[PDB]
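Novice: Pasting structure_7.cif here (mmCIF, C-alpha atoms and all ligand atoms):
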data_coords
#
loop_
_atom_site.group_PDB
_atom_site.id
_atom_site.type_symbol
_atom_site.label_atom_id
_atom_site.label_comp_id
_atom_site.auth_asym_id
_atom_site.auth_seq_id
_atom_site.Cartn_x
_atom_site.Cartn_y
_atom_site.Cartn_z
ATOM 1 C CA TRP Q 5 0.000 0.000 0.000
ATOM 2 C CA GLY Q 6 1.019 3.612 -0.462
ATOM 3 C CA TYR Q 7 -0.241 6.923 -1.656
ATOM 4 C CA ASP Q 8 0.394 6.405 -5.451
ATOM 5 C CA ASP Q 9 -2.240 6.346 -8.144
ATOM 6 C CA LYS Q 10 -2.154 2.479 -7.993
ATOM 7 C CA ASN Q 11 -1.640 1.648 -4.309
ATOM 8 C CA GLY Q 12 -3.294 4.699 -2.699
ATOM 9 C CA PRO Q 13 -6.250 5.636 -0.479
ATOM 10 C CA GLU Q 14 -9.007 4.870 -3.069
ATOM 11 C CA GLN Q 15 -7.429 1.246 -3.612
ATOM 12 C CA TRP Q 16 -6.907 0.434 0.161
ATOM 13 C CA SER Q 17 -10.323 -1.338 0.544
ATOM 14 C CA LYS Q 18 -9.161 -4.202 -1.773
ATOM 15 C CA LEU Q 19 -6.788 -5.489 0.962
ATOM 16 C CA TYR Q 20 -8.328 -3.552 3.937
ATOM 17 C CA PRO Q 21 -12.133 -3.779 3.740
ATOM 18 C CA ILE Q 22 -12.412 -1.791 6.997
ATOM 19 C CA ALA Q 23 -11.514 1.263 4.805
ATOM 20 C CA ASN Q 24 -15.237 1.526 4.007
ATOM 21 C CA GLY Q 25 -16.203 1.063 7.691
ATOM 22 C CA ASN Q 26 -18.353 3.275 9.962
ATOM 23 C CA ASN Q 27 -15.540 4.790 12.095
ATOM 24 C CA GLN Q 28 -12.982 5.757 9.450
ATOM 25 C CA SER Q 29 -10.695 8.805 9.742
ATOM 26 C CA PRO Q 30 -9.907 11.534 8.911
ATOM 27 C CA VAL Q 31 -13.176 13.565 8.721
ATOM 28 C CA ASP Q 32 -14.442 17.033 7.922
ATOM 29 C CA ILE Q 33 -15.380 18.730 11.186
ATOM 30 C CA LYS Q 34 -18.567 20.780 10.436
ATOM 31 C CA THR Q 35 -18.665 23.286 13.291
ATOM 32 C CA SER Q 36 -22.421 24.019 13.046
ATOM 33 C CA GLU Q 37 -22.973 20.215 13.671
ATOM 34 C CA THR Q 38 -20.646 19.675 16.650
ATOM 35 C CA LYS Q 39 -22.277 19.341 20.007
ATOM 36 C CA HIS Q 40 -20.586 21.018 22.950
ATOM 37 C CA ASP Q 41 -20.068 18.447 25.693
ATOM 38 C CA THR Q 42 -19.956 19.778 29.155
ATOM 39 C CA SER Q 43 -18.467 16.628 30.744
ATOM 40 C CA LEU Q 44 -15.169 16.959 28.732
ATOM 41 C CA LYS Q 45 -12.261 17.681 31.080
ATOM 42 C CA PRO Q 46 -9.221 19.628 29.880
ATOM 43 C CA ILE Q 47 -6.540 17.688 27.947
ATOM 44 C CA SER Q 48 -3.552 17.152 30.149
ATOM 45 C CA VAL Q 49 -0.158 16.140 28.669
ATOM 46 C CA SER Q 50 2.912 15.437 30.675
ATOM 47 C CA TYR Q 51 5.803 14.096 28.644
ATOM 48 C CA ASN Q 52 9.379 13.292 29.778
ATOM 49 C CA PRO Q 53 11.936 14.382 27.209
ATOM 50 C CA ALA Q 54 14.069 11.362 28.265
ATOM 51 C CA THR Q 55 11.461 8.963 26.556
ATOM 52 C CA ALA Q 56 12.296 10.207 23.048
ATOM 53 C CA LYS Q 57 14.058 7.279 21.222
ATOM 54 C CA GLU Q 58 14.552 7.186 17.489
ATOM 55 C CA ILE Q 59 13.518 8.679 14.129
ATOM 56 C CA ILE Q 60 12.759 6.451 11.205
ATOM 57 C CA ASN Q 61 12.104 6.761 7.501
ATOM 58 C CA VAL Q 62 9.186 4.385 6.982
ATOM 59 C CA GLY Q 63 9.023 4.986 3.227
ATOM 60 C CA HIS Q 64 5.649 6.781 3.149
ATOM 61 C CA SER Q 65 6.450 9.085 6.043
ATOM 62 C CA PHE Q 66 8.833 9.327 9.006
ATOM 63 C CA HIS Q 67 8.129 8.515 12.655
ATOM 64 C CA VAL Q 68 9.641 9.740 15.956
ATOM 65 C CA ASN Q 69 9.210 6.922 18.467
ATOM 66 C CA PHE Q 70 9.328 7.023 22.258
ATOM 67 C CA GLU Q 71 10.162 4.447 24.906
ATOM 68 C CA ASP Q 72 6.851 3.178 26.186
ATOM 69 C CA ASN Q 73 7.718 0.753 29.010
ATOM 70 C CA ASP Q 74 6.251 2.972 31.718
ATOM 71 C CA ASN Q 75 4.252 6.134 32.479
ATOM 72 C CA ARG Q 76 6.913 8.754 32.207
ATOM 73 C CA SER Q 77 4.998 10.252 29.245
ATOM 74 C CA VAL Q 78 1.225 10.341 29.382
ATOM 75 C CA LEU Q 79 -2.007 11.913 28.096
ATOM 76 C CA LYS Q 80 -4.969 12.235 30.555
ATOM 77 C CA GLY Q 81 -8.261 14.205 30.672
ATOM 78 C CA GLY Q 82 -10.485 15.113 27.722
ATOM 79 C CA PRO Q 83 -12.947 12.253 27.151
ATOM 80 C CA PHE Q 84 -10.703 9.815 28.975
ATOM 81 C CA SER Q 85 -10.874 7.931 32.275
ATOM 82 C CA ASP Q 86 -7.767 5.991 31.506
ATOM 83 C CA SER Q 87 -4.280 7.320 31.258
ATOM 84 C CA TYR Q 88 -2.732 6.891 27.709
ATOM 85 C CA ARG Q 89 0.996 6.324 27.122
ATOM 86 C CA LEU Q 90 2.844 8.356 24.449
ATOM 87 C CA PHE Q 91 4.499 6.230 21.767
ATOM 88 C CA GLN Q 92 5.106 8.297 18.573
ATOM 89 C CA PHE Q 93 4.518 11.472 16.698
ATOM 90 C CA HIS Q 94 4.631 11.963 12.891
ATOM 91 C CA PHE Q 95 3.244 14.445 10.226
ATOM 92 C CA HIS Q 96 1.169 14.205 7.099
ATOM 93 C CA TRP Q 97 1.635 16.631 4.261
ATOM 94 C CA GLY Q 98 0.431 17.249 0.688
ATOM 95 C CA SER Q 99 1.894 17.855 -2.838
ATOM 96 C CA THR Q 100 1.576 21.627 -2.507
ATOM 97 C CA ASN Q 101 0.667 24.145 0.245
ATOM 98 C CA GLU Q 102 -2.995 24.055 -0.792
ATOM 99 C CA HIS Q 103 -3.828 20.617 0.808
ATOM 100 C CA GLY Q 104 -1.793 18.411 3.148
ATOM 101 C CA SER Q 105 -3.775 18.077 6.398
ATOM 102 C CA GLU Q 106 -5.889 14.982 6.889
ATOM 103 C CA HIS Q 107 -8.730 16.457 8.984
ATOM 104 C CA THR Q 108 -10.522 19.573 7.471
ATOM 105 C CA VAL Q 109 -12.603 22.167 9.444
ATOM 106 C CA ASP Q 110 -15.711 23.363 7.536
ATOM 107 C CA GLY Q 111 -14.176 22.150 4.284
ATOM 108 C CA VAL Q 112 -10.953 24.105 4.801
ATOM 109 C CA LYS Q 113 -7.707 22.114 4.016
ATOM 110 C CA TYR Q 114 -4.545 22.959 5.885
ATOM 111 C CA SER Q 115 -0.909 22.471 4.689
ATOM 112 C CA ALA Q 116 0.123 19.600 7.057
ATOM 113 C CA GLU Q 117 -1.058 17.879 10.265
ATOM 114 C CA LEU Q 118 0.830 16.636 13.347
ATOM 115 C CA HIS Q 119 -0.352 13.310 15.029
ATOM 116 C CA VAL Q 120 0.857 12.597 18.607
ATOM 117 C CA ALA Q 121 -0.242 8.911 19.276
ATOM 118 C CA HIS Q 122 -0.684 7.119 22.669
ATOM 119 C CA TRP Q 123 -1.953 3.735 23.777
ATOM 120 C CA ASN Q 124 -4.267 2.746 26.669
ATOM 121 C CA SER Q 125 -1.846 1.390 29.276
ATOM 122 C CA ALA Q 126 -4.581 1.210 31.999
ATOM 123 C CA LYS Q 127 -6.424 -1.446 30.082
ATOM 124 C CA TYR Q 128 -3.732 -3.160 27.817
ATOM 125 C CA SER Q 129 -0.175 -4.259 28.354
ATOM 126 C CA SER Q 130 1.356 -3.283 24.975
ATOM 127 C CA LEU Q 131 0.881 -1.135 21.829
ATOM 128 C CA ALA Q 132 0.349 -4.416 19.784
ATOM 129 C CA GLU Q 133 -2.546 -5.425 22.087
ATOM 130 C CA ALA Q 134 -4.102 -1.892 22.297
ATOM 131 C CA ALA Q 135 -3.879 -1.052 18.573
ATOM 132 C CA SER Q 136 -6.908 -3.088 17.492
ATOM 133 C CA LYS Q 137 -9.190 -2.278 20.588
ATOM 134 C CA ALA Q 138 -12.081 0.241 20.329
ATOM 135 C CA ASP Q 139 -10.554 2.224 23.256
ATOM 136 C CA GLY Q 140 -6.907 1.318 22.557
ATOM 137 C CA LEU Q 141 -5.463 4.475 20.891
ATOM 138 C CA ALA Q 142 -5.682 8.240 21.636
ATOM 139 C CA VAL Q 143 -4.214 10.537 18.893
ATOM 140 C CA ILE Q 144 -3.992 14.392 19.152
ATOM 141 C CA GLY Q 145 -4.135 15.998 15.717
ATOM 142 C CA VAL Q 146 -2.955 19.586 15.186
ATOM 143 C CA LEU Q 147 -3.669 21.394 11.928
ATOM 144 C CA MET Q 148 -0.685 23.141 10.395
ATOM 145 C CA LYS Q 149 -1.260 26.409 8.571
ATOM 146 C CA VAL Q 150 1.392 27.608 6.112
ATOM 147 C CA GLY Q 151 2.876 30.988 7.226
ATOM 148 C CA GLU Q 152 5.841 31.786 9.474
ATOM 149 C CA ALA Q 153 8.689 29.267 10.063
ATOM 150 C CA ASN Q 154 7.948 27.310 13.206
ATOM 151 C CA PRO Q 155 11.115 27.154 15.345
ATOM 152 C CA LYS Q 156 9.832 24.256 17.526
ATOM 153 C CA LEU Q 157 10.009 22.115 14.412
ATOM 154 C CA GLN Q 158 13.754 22.658 14.343
ATOM 155 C CA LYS Q 159 15.274 19.589 16.080
ATOM 156 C CA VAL Q 160 12.896 17.424 13.967
ATOM 157 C CA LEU Q 161 13.802 19.091 10.669
ATOM 158 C CA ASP Q 162 17.569 19.017 11.442
ATOM 159 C CA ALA Q 163 17.330 15.239 12.041
ATOM 160 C CA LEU Q 164 15.943 14.369 8.618
ATOM 161 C CA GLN Q 165 19.304 14.669 6.695
ATOM 162 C CA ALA Q 166 20.320 11.412 8.599
ATOM 163 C CA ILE Q 167 17.310 9.418 7.498
ATOM 164 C CA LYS Q 168 16.927 10.476 3.920
ATOM 165 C CA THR Q 169 15.997 7.088 2.367
ATOM 166 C CA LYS Q 170 13.555 4.290 3.245
ATOM 167 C CA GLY Q 171 14.583 2.245 6.359
ATOM 168 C CA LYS Q 172 17.204 4.636 7.594
ATOM 169 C CA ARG Q 173 16.858 5.357 11.351
ATOM 170 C CA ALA Q 174 18.810 7.326 13.957
ATOM 171 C CA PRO Q 175 18.724 8.108 17.666
ATOM 172 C CA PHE Q 176 16.500 11.121 18.506
ATOM 173 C CA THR Q 177 16.639 11.945 22.119
ATOM 174 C CA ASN Q 178 15.832 14.470 24.817
ATOM 175 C CA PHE Q 179 12.757 15.892 23.070
ATOM 176 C CA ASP Q 180 9.370 16.854 24.584
ATOM 177 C CA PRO Q 181 6.743 16.908 21.853
ATOM 178 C CA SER Q 182 4.219 18.976 24.029
ATOM 179 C CA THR Q 183 6.425 21.922 22.803
ATOM 180 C CA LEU Q 184 4.815 21.423 19.373
ATOM 181 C CA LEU Q 185 1.217 21.690 20.617
ATOM 182 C CA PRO Q 186 -0.713 25.066 20.171
ATOM 183 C CA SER Q 187 -1.050 27.235 23.418
ATOM 184 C CA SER Q 188 -4.828 26.468 23.744
ATOM 185 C CA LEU Q 189 -5.775 22.805 23.972
ATOM 186 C CA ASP Q 190 -9.494 23.381 23.204
ATOM 187 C CA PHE Q 191 -10.473 20.404 21.080
ATOM 188 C CA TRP Q 192 -12.911 18.386 19.059
ATOM 189 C CA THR Q 193 -13.269 14.627 19.787
ATOM 190 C CA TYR Q 194 -14.791 11.770 17.802
ATOM 191 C CA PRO Q 195 -14.371 7.975 17.546
ATOM 192 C CA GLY Q 196 -12.425 6.933 14.503
ATOM 193 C CA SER Q 197 -9.488 5.063 13.057
ATOM 194 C CA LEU Q 198 -5.820 4.936 12.003
ATOM 195 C CA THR Q 199 -5.685 6.982 8.806
ATOM 196 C CA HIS Q 200 -3.555 4.420 6.848
ATOM 197 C CA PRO Q 201 -3.454 0.514 6.786
ATOM 198 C CA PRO Q 202 -4.256 -1.366 8.794
ATOM 199 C CA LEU Q 203 -7.024 1.286 9.414
ATOM 200 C CA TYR Q 204 -8.111 -0.140 12.791
ATOM 201 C CA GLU Q 205 -11.130 1.598 14.324
ATOM 202 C CA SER Q 206 -9.268 1.965 17.612
ATOM 203 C CA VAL Q 207 -8.658 5.717 17.770
ATOM 204 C CA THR Q 208 -10.181 8.426 19.908
ATOM 205 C CA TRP Q 209 -9.291 11.573 18.079
ATOM 206 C CA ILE Q 210 -8.488 14.840 19.830
ATOM 207 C CA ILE Q 211 -8.312 17.617 17.224
ATOM 208 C CA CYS Q 212 -7.014 20.994 18.456
ATOM 209 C CA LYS Q 213 -9.103 24.084 17.509
ATOM 210 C CA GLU Q 214 -5.950 26.308 17.243
ATOM 211 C CA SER Q 215 -3.523 25.659 14.326
ATOM 212 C CA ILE Q 216 0.317 25.838 14.539
ATOM 213 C CA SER Q 217 2.463 27.412 11.820
ATOM 214 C CA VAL Q 218 4.796 25.913 9.344
ATOM 215 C CA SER Q 219 6.744 27.753 6.482
ATOM 216 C CA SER Q 220 6.580 26.861 2.839
ATOM 217 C CA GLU Q 221 10.356 25.912 3.090
ATOM 218 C CA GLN Q 222 9.672 23.707 6.179
ATOM 219 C CA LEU Q 223 7.079 21.797 4.155
ATOM 220 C CA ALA Q 224 9.659 21.411 1.374
ATOM 221 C CA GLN Q 225 11.984 19.533 3.808
ATOM 222 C CA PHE Q 226 9.260 16.955 4.443
ATOM 223 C CA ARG Q 227 8.708 16.544 0.715
ATOM 224 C CA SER Q 228 12.437 16.188 0.046
ATOM 225 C CA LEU Q 229 12.550 12.913 2.176
ATOM 226 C CA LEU Q 230 12.853 9.909 -0.209
ATOM 227 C CA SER Q 231 10.628 6.815 -0.312
ATOM 228 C CA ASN Q 232 13.193 4.587 -2.247
ATOM 229 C CA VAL Q 233 16.073 2.755 -0.472
ATOM 230 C CA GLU Q 234 19.595 4.119 -0.660
ATOM 231 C CA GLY Q 235 21.194 3.671 -4.083
ATOM 232 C CA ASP Q 236 17.906 3.470 -6.122
ATOM 233 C CA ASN Q 237 16.593 6.353 -8.242
ATOM 234 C CA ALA Q 238 15.372 9.168 -5.917
ATOM 235 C CA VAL Q 239 11.473 9.166 -5.326
ATOM 236 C CA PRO Q 240 10.491 12.259 -3.229
ATOM 237 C CA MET Q 241 7.823 11.696 -0.545
ATOM 238 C CA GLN Q 242 5.444 14.234 -2.144
ATOM 239 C CA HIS Q 243 2.306 13.531 -0.049
ATOM 240 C CA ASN Q 244 0.822 11.162 2.553
ATOM 241 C CA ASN Q 245 -2.679 12.538 3.423
ATOM 242 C CA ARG Q 246 -5.842 10.491 3.202
ATOM 243 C CA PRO Q 247 -9.072 12.179 1.932
ATOM 244 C CA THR Q 248 -11.825 12.851 4.599
ATOM 245 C CA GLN Q 249 -14.258 9.932 5.132
ATOM 246 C CA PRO Q 250 -18.038 9.812 5.818
ATOM 247 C CA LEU Q 251 -19.119 10.495 9.451
ATOM 248 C CA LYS Q 252 -21.760 7.728 9.110
ATOM 249 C CA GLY Q 253 -23.709 9.395 11.962
ATOM 250 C CA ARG Q 254 -20.946 9.704 14.493
ATOM 251 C CA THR Q 255 -21.043 12.910 16.465
ATOM 252 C CA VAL Q 256 -18.126 15.284 16.776
ATOM 253 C CA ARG Q 257 -18.012 16.765 20.300
ATOM 254 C CA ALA Q 258 -16.517 20.150 21.265
ATOM 255 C CA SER Q 259 -14.787 20.942 24.526
ATOM 256 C CA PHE Q 260 -15.427 24.713 23.975
HETATM 257 N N1 LIG Q 301 -0.118 -3.751 14.234
HETATM 258 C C1 LIG Q 301 0.403 -3.511 15.419
HETATM 259 N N2 LIG Q 301 0.801 -4.499 16.191
HETATM 260 N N3 LIG Q 301 0.532 -2.226 15.850
HETATM 261 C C2 LIG Q 301 0.170 -1.103 15.173
HETATM 262 S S1 LIG Q 301 -0.589 -1.226 13.641
HETATM 263 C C3 LIG Q 301 -0.656 0.495 13.583
HETATM 264 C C4 LIG Q 301 -0.115 1.041 14.695
HETATM 265 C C5 LIG Q 301 0.001 2.498 14.991
HETATM 266 S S2 LIG Q 301 1.418 3.292 14.186
HETATM 267 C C6 LIG Q 301 0.719 4.901 13.723
HETATM 268 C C7 LIG Q 301 0.398 4.992 12.246
HETATM 269 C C8 LIG Q 301 -0.984 5.486 11.988
HETATM 270 N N4 LIG Q 301 -1.621 5.062 10.874
HETATM 271 N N5 LIG Q 301 -1.599 6.364 12.883
HETATM 272 S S3 LIG Q 301 -2.543 7.736 12.562
HETATM 273 N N6 LIG Q 301 -1.962 8.337 11.180
HETATM 274 O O1 LIG Q 301 -2.268 8.631 13.654
HETATM 275 O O2 LIG Q 301 -3.876 7.254 12.317
HETATM 276 N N7 LIG Q 301 0.367 0.135 15.623
HETATM 277 ZN ZN ZN Q 302 -1.064 10.060 11.205
#
Re-express the file's structure as structure tokens.
Specialist:
Amino acid sequence: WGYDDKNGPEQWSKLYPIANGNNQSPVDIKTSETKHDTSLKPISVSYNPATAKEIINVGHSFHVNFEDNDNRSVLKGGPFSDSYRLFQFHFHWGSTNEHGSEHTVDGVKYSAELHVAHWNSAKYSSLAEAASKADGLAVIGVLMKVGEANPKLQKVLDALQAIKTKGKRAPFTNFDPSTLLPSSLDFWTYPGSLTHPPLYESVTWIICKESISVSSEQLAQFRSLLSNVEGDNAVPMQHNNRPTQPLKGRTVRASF
């Protein structure tokens, strides 16, 4: 699977029938149809920069993974009773500035989107166990609006020249990804899925109302990562965003 004409989002259902399921992500958040939910607590993140582990070129994207053997780095609050353990963050982006985010807000497409993913360590003993459970994953998404260069992206951007081609990986340490979150954590929440195979309907989404910035030249660094292995002809990672999927009657809730 990928994001090409032949292996891309509109082909995924051939191998992953859940792609046409009832809790698929991302979605368009229509703000006139969201229902403010007064029981939603504030989102609380508390991450230890010592859990940051490694950065990896996974061919369609790159991931920054964290040690997840204990509760040094956790998400609590929001719609959750359980505490969720941080395991990764990564980005999605598009061919040009005009699209690139996965979620849209009232039809508006942003330039990129940051996903900070976590697994339910109150209920499950590993990411592998949690990843297929209805309540197993909690992902914060933050919409990225093209404009001013974002300095908090810096350590991440500087690391990519060491993982230029598919399968390359490098240590990436002492990094607290709450520094990338917008100053207000007001959010939307809905029940959905991983946005690429295997597309498990295991994700509680937490979408921030406030965007963060990214420059047109920062976006170019993402798109200059390569999806081919070292020594093959260079294939730029131009985009990795899935189109928005039908709500199928789920309700998007607002904390604000
Ligand atoms: N199979 C297995 N044992 N563990 C798995 S399968 C996918 C997975 C999460 S990695 C995160 C990749 C992703 N698509 N998340 S997103 N874009 O935030 O919806 N862990
Ligand atoms: Zn993602």
Novice: Enumerate residues in contact with ligand ZN 302 (chain Q): an atom-to-atom distance of at most 10 Å, counting only C-alpha atoms and all ligand atoms. Format the result as a VMD selection string.
Specialist: chain Q and resid 29 to 30 65 67 92 to 97 105 to 106 117 to 121 143 to 145 197 to 200 244 to 246
Novice: Could you tell me how far atom CA of residue Q:224 lies from atom CA of residue Q:239, in Å and to one decimal?
Specialist: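 A separation of 14.1 Å between them.
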Novice: Please evaluate the PyMOL selection byres (((chain Q and resi 150-157) around 12) and not hetatm) against the displayed coordinates and give the resulting residues as a VMD selection string.
Specialist: chain Q and resid 94 to 95 97 to 98 100 to 105 113 to 118 147 to 149 158 to 164 179 to 186 215 to 226
Novice: Smallest atom-to-atom distance to ligand LIG 301 (chain Q): which of Q:109, Q:22, Q:207, Q:59, using all atoms listed in the file?
Specialist: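 The closest residue to ligand LIG 301 (chain Q) is Q:207.
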Novice: Counting all atoms listed in the file, which residue out of Q:206, Q:36, Q:187, Q:15 sits closest to ligand LIG 301 (chain Q)?
Specialist: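 Among Q:206, Q:36, Q:187, Q:15, it is Q:206 that comes nearest to ligand LIG 301 (chain Q).
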Novice: Give as a VMD selection string the residues that the PyMOL selection byres (((chain Q and resi 85) around 12) and not hetatm) matches when applied to the coordinates above.
Specialist: chain Q and resid 43 to 45 47 to 48 79 to 84 86 to 88 124 to 127 139 142
Novice: Choose the residue, out of Q:209, Q:123, Q:176, Q:194, that has the smallest atom-to-atom separation from residue Q:254; count all atoms listed in the file.
Specialist: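 Distance minimum relative to residue Q:254 lands on Q:194.
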Novice: Quick one: residues within 9 Å of residue Q:138, all atoms listed in the file, excluding same-chain residues fewer than 5 positions away - as a list in words?
Specialist: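 Residues meeting the cut-off are residues 195, 196, 204, 205, 206, 207 and 208 of chain Q.
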Novice: How would the residues just chosen look if you wrote them out with C-alpha atoms as a short mmCIF file (atom, residue, chain, number, x, y, z; two decimals), in the coordinates of the input?
Specialist:
data_model
loop_
_atom_site.label_atom_id
_atom_site.label_comp_id
_atom_site.auth_asym_id
_atom_site.auth_seq_id
_atom_site.Cartn_x
_atom_site.Cartn_y
_atom_site.Cartn_z
CA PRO Q 195 -14.37 7.98 17.55
CA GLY Q 196 -12.42 6.93 14.50
CA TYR Q 204 -8.11 -0.14 12.79
CA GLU Q 205 -11.13 1.60 14.32
CA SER Q 206 -9.27 1.96 17.61
CA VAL Q 207 -8.66 5.72 17.77
CA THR Q 208 -10.18 8.43 19.91
#
Novice: Taking all atoms listed in the file into account, name the residue in Q:247, Q:12, Q:235, Q:202 that is nearest to ligand LIG 301 (chain Q).
Specialist: Q:202
Novice: Using all atoms listed in the file, which residue out of Q:170, Q:137, Q:257, Q:39 lies closest to ligand LIG 301 (chain Q)?
Specialist: Q:137
Novice: So, counting only C-alpha atoms and all ligand atoms, which residue among Q:40, Q:89, Q:10, Q:122 is closest to ligand LIG 301 (chain Q)?
Specialist: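 The closest residue to ligand LIG 301 (chain Q) is Q:122.
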Novice: Show me, as an MDAnalysis selection string, the residues that have an atom within 10 Å of residue Q:258 when counting all atoms listed in the file, minus same-chain residues fewer than 6 positions from it.
Specialist: chainID Q and resid 35 37:42 44 190:194 210:213
Novice: Rounded to one decimal in Å, what is the spacing between atom CA of residue Q:107 and atom CA of residue Q:248?
Specialist: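 Pair atom CA of residue Q:107 / atom CA of residue Q:248 returns 6.5 Å.
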Novice: Once 6 Å is added on each side, what are the centre and the three edge lengths, in Å to one decimal, of the axis-aligned box enclosing the listed atoms of ligand LIG 301 (chain Q)? Present them as JSON.
Specialist:
{"center_x": -1.2, "center_y": 2.1, "center_z": 13.5, "size_x": 17.3, "size_y": 25.1, "size_z": 17.3}
Novice: Would you compute the distance between atom CA of residue Q:21 and atom CA of residue Q:140? Give it in Å to one decimal.
Specialist: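 Atom CA of residue Q:21 sits 20.2 Å away from atom CA of residue Q:140.
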